[PDB]
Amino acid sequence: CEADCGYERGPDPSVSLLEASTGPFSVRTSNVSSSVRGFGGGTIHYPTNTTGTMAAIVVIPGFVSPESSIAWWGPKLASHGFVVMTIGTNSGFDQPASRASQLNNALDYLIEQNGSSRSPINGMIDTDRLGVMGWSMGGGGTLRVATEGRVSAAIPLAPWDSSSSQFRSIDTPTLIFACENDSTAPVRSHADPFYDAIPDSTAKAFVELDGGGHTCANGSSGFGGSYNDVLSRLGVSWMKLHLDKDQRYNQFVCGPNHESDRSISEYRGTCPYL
């Protein structure tokens, strides 16, 4: 459904809530062995004190990178009312197109586990409200999955891919995080043309972060992590807005002056959405 569908959860939000180190819920974890079919294992994060179903999200890493490179997003998102699996790839050599098939395989796995007597998330997932996230080549895999129209939200992080024309099929709400000093996936050859290739009719957002390099959109529990608040405020809201059709989180994506944030170097968007 697109409006007043009854997927909303938690309080009416504010900025202090969004930028807290955790959402209103408590986080647990369930291991996925690397023997899992379709990807190289992961960790499932879930709230403990909620009711009702919730959207599923999968987060994939980039080239020769372990799941831990993006695993900050697992707890940060689960604590706001999501089921969130951070995954590892079959091989660190996997290129965008493989990383997209593994996105879909890990979404398929999550759907299977929602029906598994042995899963801590059995009956906790609405298997129609799915989101994807990815760093670098996994950010290209995210954009590729955003062309299929199964997922209702995509957040690429420092995306890397090779062809940009394929993204004119993207009708899925996509928020691309970019890093201004990205030498690995240069903005001007990657994030920038991927955003531009998305139709203006699609709800989309380009949030370039100020001064940061290739890992600036991954979050961090210690070293780095000056971007945690833009990531938390805009990422959680984007997922709350488009996975939970929760208009109460519209005010943080459409309405503010984003470049006024010291951490935001360039914002582009298509506000208003619907």
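Each residue number is its position in the shown sequence, starting from 1.
Enquirer: Highest mean C-alpha temperature factor of the two stretches 86 to 94 and 106 to 114, which is it?
Expert: On average, C-alpha B-factors are higher across 86 to 94.
Enquirer: Between 130 to 138 and 177 to 185, which has the larger average Cα B-factor in the PDB entry?
Expert: Per the PDB record, 177 to 185.
Enquirer: I'd like to know which of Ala205, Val27, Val36, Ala55 has the highest C-alpha temperature factor in the PDB entry.
Expert: In this record, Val27 carries the highest C-alpha B-factor of the candidates.
Enquirer: Going by the entry, which of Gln166, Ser101, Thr172, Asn122 has the most elevated CA B factor?
Expert: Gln166 has the highest C-alpha B-factor of those listed.
Enquirer: Tell me, lowest, middle or highest third: where does the Cα B factor of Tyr46 rank within its chain?
Expert: Within its chain, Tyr46 is a middle-third residue by C-alpha B-factor, going by the deposited values.
Enquirer: Name the third of the chain's ranked CA B-factors that contains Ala197, choosing lowest, middle or highest.
Expert: For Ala197, whose C-alpha B-factor we compare with every modelled residue in the chain, the answer is the highest third.
Enquirer: Among the modelled residues of its chain, does the C-alpha B-factor of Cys254 lie in the lowest, middle or highest third?
Expert: For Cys254, the deposited C-alpha B-factor lands in the lowest third.
Enquirer: What third of the chain does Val64 rank in for C-alpha temperature factor, lowest, middle or highest?
Expert: Highest third, going by the recorded CA B-factors of the chain.
Enquirer: Ranked by Cα temperature factor within the chain, is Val236 in the lowest third, the middle third or the highest third?
Expert: Middle third by C-alpha B-factor.
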